[PDB]
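Only heavy atoms go into these numbers, but all of them, side chains included; no hydrogens, no water, no symmetry mates. Convention: sequence-line order gives letters A, B, ...; per-chain numbering from 1.
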Amino acid sequence: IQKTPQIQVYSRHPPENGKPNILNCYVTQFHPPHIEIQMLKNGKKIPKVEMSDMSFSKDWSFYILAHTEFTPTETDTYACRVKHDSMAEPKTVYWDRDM
Amino acid sequence: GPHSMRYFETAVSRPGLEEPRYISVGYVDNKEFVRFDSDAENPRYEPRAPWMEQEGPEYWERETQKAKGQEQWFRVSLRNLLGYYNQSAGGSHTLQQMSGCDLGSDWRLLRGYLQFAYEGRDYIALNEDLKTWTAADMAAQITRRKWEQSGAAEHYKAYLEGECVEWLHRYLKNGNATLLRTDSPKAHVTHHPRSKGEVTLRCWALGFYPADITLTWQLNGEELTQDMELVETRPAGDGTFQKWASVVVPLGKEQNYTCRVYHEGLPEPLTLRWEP
Amino acid sequence: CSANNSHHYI
């Protein structure tokens with residue numbers, strides 16, 4: 001088989017509307033190591049997204065941190081779209097500032 | 001505390017005339033101190049920790065030549081595994097290795113480790129004796145028989161007991177305080193009123209290192225696993241981690257419920273309740 | 001100090 005990726009989207013620092021911050025998308029427990037990760041502000045792709053190097057866990061599964069600078073607002077939505085061989089269609093996870 | 005060294009190696013193949021990608025990562029006490037990636041413009045082992053800058057050019061040249069050795073070894077083994085599993089050409093295939101040593105707090109060898117996986121599934125492993133192998137699949141049994149005739153376990157046991165341990169001693173001296181960092185969590189409870197007279201109490205631990213942490217909710221002295229939700233620990237990106245665990249409770253009763261945060265950097269566990 | 005799997009192939 002392939003292992004279905006787990007996705008969390010969250011800010012590095014406590015969310016404050018209007019205050020600059022960092023947005024993370026942490027993808028874990030996927031196999032094979034190839035994966036596609038996009039970060040979206042208002043459904044549009046954020047240009048320069050930093051991506052941690054390929055690493056895997058003792059259970060042999062792989063994980064990645066993607067992150068970008070962002071300023072949270074009340075009107076702007078952020079999300080992480082992920083394409084992987086284990087899933088039929090891409091999965092999008094929206095940021096929830098309470099989680 | 002105890003100590004560890006590991007090398008996590010991966011070879012991933014691609015259909016075509018192009019050779020598989022090889023990546024090797026070293027860890028001392030679960031932190032990445034060196035890395036080799038064959039996709040880099042100039043493939044070499046590079047330091048991922050500041051204290052590895054103490055190592056001289058000879059070290060880096062030796063370790064890079066080793067890595068190109070492993071690279072070749074992995075491409076051969078990849079081809080053989082395509083044979084063993086009767087897979088045709090044009091798949092995505094991954095072969096991985098974990099090796100290393102565990103030392104106790106006396107810096108004395110606790111355990112050696114060698115394991116292999118194919119397609120992310122256990123393939124073969126050296127037993128903690130270091131003389132014998134457990135082979136999961138039928139294809140792996142061929143490899144086991146072949147490695148018993150070739151004296152592989154003697155080879156790896158010499159590496160894991162001698163060089164692994166002695167080099168780990170060196171890296172432990174040089175990364176001395178740095179590998180011992182701890183950052184205590186900061187905890188707080190957030191109040192989320194919900195339908196039907198209840199509230200979600202969510203317990204947050206922020207900014208802690210290392211990543212090991214435990215969060216418990218307690219009603220009247222008993223730990224609560226009933227309807228307790230949590231997230232897998234996540235990196236903040238700054239070198240620290242985050243977690244939260246939540247429990248659904250009756251509104252107005254909040255002071256009846258308590259969160260506790262267990263982390264090694266603490267003097268004692270944190271006990272906290274929702275504070276208005 | 002990284003590994004050498006020498007001549008023992010899978």
Side-chain angles (χ1 to χ4, degrees), chain A residues 1-6 27-35 54-64 84-86, chain B residues 4-13 20-27 30 32 70-71 73-88 91-102 110-156 159-160 164 232, chain C residues 2-10:
Chain A
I1 39 177
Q2 316 132 311
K3 301 170 195 162
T4 309
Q6 308 293 92
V27 190
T28 55
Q29 304 278 319
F30 56 102
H31 198 98
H34 183 261
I35 193 159
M54 167 184 300
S55 281
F56 73 84
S57 296
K58 291 130 187 311
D59 64 20
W60 305 109
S61 70
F62 292 91
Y63 60 94
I64 287 277
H84 190 258
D85 288 326
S86 61
Chain B
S4 60
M5 187 166 66
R6 301 257 190 295
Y7 280 85
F8 283 17
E9 325 176 46
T10 302
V12 179
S13 68
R21 188 198 176 167
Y22 173 70
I23 304 194
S24 187
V25 188
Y27 300 93
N30 311 311
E32 162 176 356
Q70 296 293 88
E71 189 171 8
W73 186 100
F74 272 78
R75 328 190 155 155
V76 183
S77 297
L78 277 171
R79 212 183 132 80
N80 299 351
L81 281 155
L82 225 60
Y84 299 164
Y85 286 106
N86 188 39
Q87 317 166 300
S88 298
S92 297
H93 307 290
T94 94
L95 159 67
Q96 332 164 53
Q97 193 181 341
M98 290 191 281
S99 47
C101 42
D102 281 345
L110 268 182
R111 192 199 217 164
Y113 290 80
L114 192 68
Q115 315 173 234
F116 294 95
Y118 191 49
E119 327 292 35
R121 310 206 262 238
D122 278 306
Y123 184 77
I124 198 175
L126 191 63
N127 301 295
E128 147 167 9
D129 62 48
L130 309 170
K131 298 146 177 181
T132 54
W133 308 92
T134 80
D137 280 11
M138 191 45 50
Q141 315 242 58
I142 304 183
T143 303
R144 175 220 279 161
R145 293 286 174 191
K146 179 167 81 174
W147 285 2
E148 282 161 351
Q149 163 280 321
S150 66
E154 312 175 326
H155 165 77
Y156 291 111
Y159 162 85
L160 295 164
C164 188
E232 52 164 348
Chain C
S2 55
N4 172 34
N5 307 343
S6 176
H7 51 98
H8 324 267
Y9 309 98
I10 296 288

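Every side-chain contact (heavy atoms from CB on, under 4.5 Å) that B:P20 has, sequence neighbours left out, goes to B:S13, B:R75, B:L78. Applying the side-chain hydrogen bond (donor to acceptor under 3.5 Å, both in side chains) test to B:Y84 and every residue at least two apart in sequence or in another chain returns B:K146. Remark: A:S61 pairs with A:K3, A:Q29, A:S57, A:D59 by the side-chain contact (heavy atoms from CB on, under 4.5 Å) rule, at least two apart or across chains. In this view, B:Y123 and B:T143 satisfy the side-chain hydrogen bond (donor to acceptor under 3.5 Å, both in side chains) rule, not counting sequence neighbours. For the salt bridge (charged side-chain N to carboxylate O under 4.0 Å, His left out) test, residues two or more places apart in sequence or in another chain that qualify with B:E32 are B:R35, B:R48. A:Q6 meets the side-chain hydrogen bond (donor to acceptor under 3.5 Å, both in side chains) test with no other residue; sequence neighbours excluded. Looking at residues two or more places apart in sequence or on another chain, you find a salt bridge (charged side-chain N to carboxylate O under 4.0 Å, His left out) between B:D102 and B:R6. Annotation: salt bridge (charged side-chain N to carboxylate O under 4.0 Å, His left out) contacts of B:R21 (sequence neighbours excluded): B:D37, B:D39. Evaluation of the salt bridge (charged side-chain N to carboxylate O under 4.0 Å, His left out) rule for B:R121 yields no partner, not counting sequence neighbours. With sequence neighbours left out, C:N4 forms a side-chain contact (heavy atoms from CB on, under 4.5 Å) with B:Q70, B:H155, C:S6. Residues satisfying the ring-ring contact (aromatic ring centres under 6.0 Å, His included) test with B:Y27, not counting sequence neighbours, are B:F8. Qualifying side-chain hydrogen bond (donor to acceptor under 3.5 Å, both in side chains) partners for B:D137, counting only residues two or more places apart in sequence or in other chains: B:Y85.
Checking side-chain atoms of A:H84 against main-chain N and O of A:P32 turns up a donor-acceptor pair under 3.5 Å. Between the side chain of B:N127 and the backbone N or O of B:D129 there is no donor-acceptor pair closer than 3.5 Å. Put simply, the side chain of B:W147 gets close to the backbone of C:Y9: a donor and an acceptor are under 3.5 Å apart. For the pair B:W73 (side chain) and C:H8 (backbone), a donor-acceptor distance under 3.5 Å is present. The closest donor-acceptor contact from the side chain of B:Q97 to the backbone of B:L114 lies at 3.5 Å or more, if one exists at all.
Across A:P5 and A:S86, no two heavy atoms sit closer than the pair CD-OG, 3.1 Å.
Considering only heavy atoms from C-beta on, B:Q115 comes within 4.5 Å of B:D122 through its side chain.
How far OG of C:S2 is from OH of B:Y7: 5.0 Å, rounded to the nearest 0.5 Å.
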